[PDB]
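In the authors' numbering, the protein residues as written are 31 to 239, 269 to 340.
Okay, structure first, notes after.
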Amino acid sequence: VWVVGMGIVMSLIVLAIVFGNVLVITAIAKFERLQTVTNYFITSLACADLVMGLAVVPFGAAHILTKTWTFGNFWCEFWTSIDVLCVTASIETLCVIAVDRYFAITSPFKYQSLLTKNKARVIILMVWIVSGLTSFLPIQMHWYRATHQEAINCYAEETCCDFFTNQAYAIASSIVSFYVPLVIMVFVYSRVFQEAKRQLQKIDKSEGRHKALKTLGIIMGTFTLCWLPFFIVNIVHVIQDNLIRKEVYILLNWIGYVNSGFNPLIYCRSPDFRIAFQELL
Ligand SMILES: CN[C@@H]1CCc2c(ccc(O)c2O)[C@H]1O
């Protein structure tokens with residue numbers, strides 16, 4: 031008397047993700063005044079989130095609802111690889127946007143020389159290649175498998191599918207995809223906030239007669284809350300196997316997926332975006 035209800039929530043999640051990503055992509059694509067060298071990163075992030083919502087979630091619903099991966103054996107590895115690829119691509123695009131903002135604020139005169147139209151394509155291709163190198167290559171030819179007695183049946187059985195790995199790939203992927211972007215973003219945003227506070231203090235010297272922290276807080280806190288616990292538990296369960304059950308792992312992995320749907324609600328609030336959105340509908 032509970033299976034039917036959760037399907038509604040999952041369908042709403044899918045619909046929200048798809049609608050948001052499609053709306054953002056259409057808005058930036060159709061209207062000329064919105065395209066910008068900085069705005070292409072938003073397009074890449076929206077494309078990655080749309081791919082995640084279209085592929086990962088609808089297929090992942092089978093495990094939750096039917097409790098039986100009735101699909102073929104070859105499909106599960108592809109599904110896992112595309113999921114990890116989408117996650118790492120989204121995280122790296124977020125880090126790239128943060129670095130772009132740091133460069134913009136820190137040096138205005140040198141900003142034009144550093145970044146041009148052709149640079150965006152090169153950097154996005156490089157980041158997508160480095161994101162996909164760690165997803166498809168180590169998974170397709172079975173570098174990630176474990177010699178432990180458990181999951182030998184899982185690879186052997188046709189009806190079973192769950193994520194078990196050896197003690198190299200989990201830690202390598204966690205280091206590549208989570209800790210470095212967090213360090214980079216924390217450093218650049220701390221410097222940006224310090225510069226903004228310095229300017230705000232300087233204004234009051236010439237105006238002889269902080270509410271700007273909210274934007275930084277909303278940018279940092281939602282991402283940290285969404286993604287921090289998952290990689291901590293991912294690191295911890297591998298080193299010692301009996302600490303973490305499967306249900307907690309699945310719940311954290313699922314709550315980590317909702318983050319991609321909230322990026323349009325946080326990263327496109329400019330008046331030009333709102334005007335385009337109003338004009339579309
Ligand atoms: C089964 N779900 C996967 C499992 C491991 C993993 C994920 C995402 C990014 C990574 O770097 C990972 O190593 C998860 O989405």
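Just so you know, even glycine gets a beta-carbon here, dropped at the ideal spot from N, CA and C.
Please go through the same chain and pick out, in chain order, the residues whose beta-carbon is closer than 7 Å to the beta-carbon of residue i, but skip the five residues on each side of it.
{"i": "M215", "result": "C125 and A128"}
{"i": "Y326", "result": "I72"}
{"i": "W313", "result": "none"}
{"i": "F289", "result": "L311, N312 and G315"}
{"i": "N103", "result": "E188"}
{"i": "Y219", "result": "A128, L275 and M279"}
With distances taken from CA atoms, which of the options is nearest residue i?
{"i": "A198", "options": "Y209, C190, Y174 and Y185", "result": "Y174"}
{"i": "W109", "options": "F289, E62, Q170 and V317", "result": "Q170"}
{"i": "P330", "options": "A57, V67, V31 and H269", "result": "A57"}
{"i": "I112", "options": "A150, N69, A46 and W158", "result": "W158"}
{"i": "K149", "options": "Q229, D79 and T68", "result": "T68"}
{"i": "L340", "options": "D79, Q299, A226 and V54", "result": "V54"}
{"i": "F49", "options": "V81, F61 and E225", "result": "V81"}
{"i": "residue 400", "options": "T136, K60, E225 and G83", "result": "Because residue 400 is not part of the residues shown, which for the chain are 31 to 340, the question remains open."}
{"i": "residue 256", "options": "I201, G315, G35 and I135", "result": "The model of the chain omits the segment between 239 and 269, and residue 256 is among the residues lacking coordinates."}
{"i": "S203", "options": "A119, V39, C327 and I334", "result": "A119"}
{"i": "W32", "options": "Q65, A78, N51 and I94", "result": "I94"}
Using C-beta distances below 8 Å, list every residue in its chain close to residue i, excluding the 5 sequence neighbours before and after it, in chain order.
{"i": "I121", "result": "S207, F208, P211 and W286"}
{"i": "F71", "result": "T123, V126, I127, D130, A150 and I154"}
{"i": "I298", "result": "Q197"}
Classify residue i: buried if its beta carbon has 16 or more other beta carbons within 10 angstroms, exposed otherwise.
{"i": "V117", "result": "buried"}
{"i": "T96", "result": "exposed"}
{"i": "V152", "result": "exposed"}
{"i": "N322", "result": "buried"}
{"i": "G37", "result": "exposed"}
{"i": "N293", "result": "buried"}
{"i": "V114", "result": "buried"}
{"i": "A271", "result": "exposed"}
{"i": "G35", "result": "exposed"}
Leaving out five residues on either side along the sequence, give the residues of the same chain with a beta carbon under 6 Å from the beta carbon of residue i.
{"i": "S74", "result": "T123 and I154"}
{"i": "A46", "result": "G320"}
Taking only heavy atoms of ligand 3 into account, decide whether any of them is closer than 7 Å to the Cβ of residue i.
{"i": "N293", "result": "For the structure depicted, ligand 3 is absent and the ligand set comprises only ligand 1."}
Query - Contact between the region 288-307 and the region 88-106 (3+ Cβ pairs under 8 Å) - result: no
Query raised in the report: Is the number of C-beta pairs between the region 96-107 and the region 174-194 that are closer than 8 Å three or more?
Result: yes
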